[PDB]
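Peer 1: Here is the sequence, then the experimental structure:
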Protein chains: 2
Amino acid sequence: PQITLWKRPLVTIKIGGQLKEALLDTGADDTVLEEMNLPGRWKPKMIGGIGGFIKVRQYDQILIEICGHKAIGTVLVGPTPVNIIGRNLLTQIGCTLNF
Amino acid sequence: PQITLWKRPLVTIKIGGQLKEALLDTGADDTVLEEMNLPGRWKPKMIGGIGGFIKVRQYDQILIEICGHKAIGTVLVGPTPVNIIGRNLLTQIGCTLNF
Ligand SMILES: CC(C)CN(C[C@@H](O)[C@H](Cc1ccccc1)NC(=O)O[C@H]1CO[C@H]2OCC[C@H]21)S(=O)(=O)c1ccc2ncsc2c1
């Protein structure tokens, strides 16, 4: 589909057996999801933006479906105020900016 | 142009007669630029990012050119880690997400 930017580019995603709303975010290097109890091993990480850093747990090779498009990659989990789909997964679903 | 997302979507902007690099950031409602001198009046505001809230100078109705596309809108200036172009201006240059 084509998504205009009048409103936040929120779409439904499926991860770890749960449906959620997430931002298609071209300004996010990595994918950062709101606190959730994923199984498996993880590594601690810090990611910074406006206002400073948050501590997140890094899970690798996590499957996510974004608008029916499947993707698999690194997912960071932590106290983010919104679910953010970053470039590492946006590339995998064939997402581009166009103007 | 069509911009893939394997690298940061960084582009050259012109604001206040000065060239800068900025990130096309579909996850940002507003445009936030690093500390700089800008002509015109401004009002202090607060914005929150992933790591908390920061104080910024809000400039209204500012001319800014993005990849040769002209926009006129609100520009926030403050201690952001990266110059970001947010949806308020991305809509003006006709930017959309596509996959
Ligand atoms: C700042 C940019 C460069 C990086 N961010 C992405 C950016 O799109 C954030 C997303 C967001 C965060 C919190 C609430 C809403 C939206 N928007 C943002 O701050 O917008 C400001 C300005 O407008 C206002 O509307 C929205 C909020 C206001 S990030 O989240 O900090 C990030 C993500 C992955 C990642 N991987 C390694 S670092 C890293 C850093």
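Peer 2: Structure's in. What do you need? Numbering: from 1, shown residues only, chains lettered A, B, ... in the order given.
Peer 1: Only C-alpha atoms from now on, for both contacts and neighbour counts.
Peer 2: Will do.
Peer 1: Next secondary structure element downstream of the strand ranked longest in chain A?
Peer 2: If you go by DSSP state E, chain A has its longest strand at strand A:52-66. Downstream of strand A:52-66, the next assigned helix or strand under DSSP states H and E is strand A:69-78.
Peer 1: Please name the strands paired to that next one in the sheet, noting orientation.
Peer 2: The sheet places strand A:69-78 alongside strand A:31-34 (parallel), strand A:52-66 (antiparallel), with pairing taken from DSSP bridges.
Peer 1: Is any residue of stretch A:48-66 near the ligand?
Peer 2: Yes. Using Cα under 6 Å from any ligand atom, stretch A:48-66 reaches the ligand at A:48, A:49, A:50.
Peer 1: Can you get me a residue count around residue A:95?
Peer 2: Residue A:95 has 21 neighbouring residues, counting by other Cα atoms under 10 Å in any protein chain shown.
Peer 1: Just list the residues touching it, thanks.
Peer 2: Contacts for residue A:95 were tallied using Cα atoms under 8 Å, 6 or more residues apart in numbering or on different chains; they are B:4, B:5, B:97, B:98, B:99.
Peer 1: List only buried entries from the residues you listed.
Peer 2: For the contacts of residue A:95, a burial check counting by 16 or more other Cα atoms under 10 Å in any protein chain shown picks out B:4, B:5, B:97.
Peer 1: Which ones, among the residues you listed, also lie beside the ligand?
Peer 2: Answer for those near the ligand: none qualify (Cα under 6 Å from any ligand atom).
Peer 1: Check those residues one by one and keep those near chain A.
Peer 2: Contacts with chain A within the buried ones among the contacts of residue A:95, counted by Cα under 8 Å from any Cα of the partner chain: B:4, B:5, B:97.
Peer 1: Not counting its neighbours along the chain, what's nearest residue A:3?
Peer 2: Distances taken as Cα to Cα, 6 or more residues apart in numbering or on different chains place residue B:97 nearest to residue A:3, at 4.9 Å, with adjacent residues excluded.
Peer 1: Could you tell me which residues of chain A lie near the ligand?
Peer 2: Contact residues, chain A versus the ligand (Cα under 6 Å from any ligand atom): A:25, A:27, A:28, A:29, A:30, A:31, A:47, A:48, A:49, A:50, A:81, A:82.
Peer 1: check contacts around the residue nearest to residue A:21 when sequence neighbours are not counted.
Peer 2: Closest residue to residue A:21 apart from its sequence neighbours, by Cα to Cα, 6+ apart: residue A:12 at 4.7 Å. Taking Cα under 8 Å, 6+ apart, we find residue A:12 in contact with A:19, A:20, A:21, A:22, A:66, A:67.
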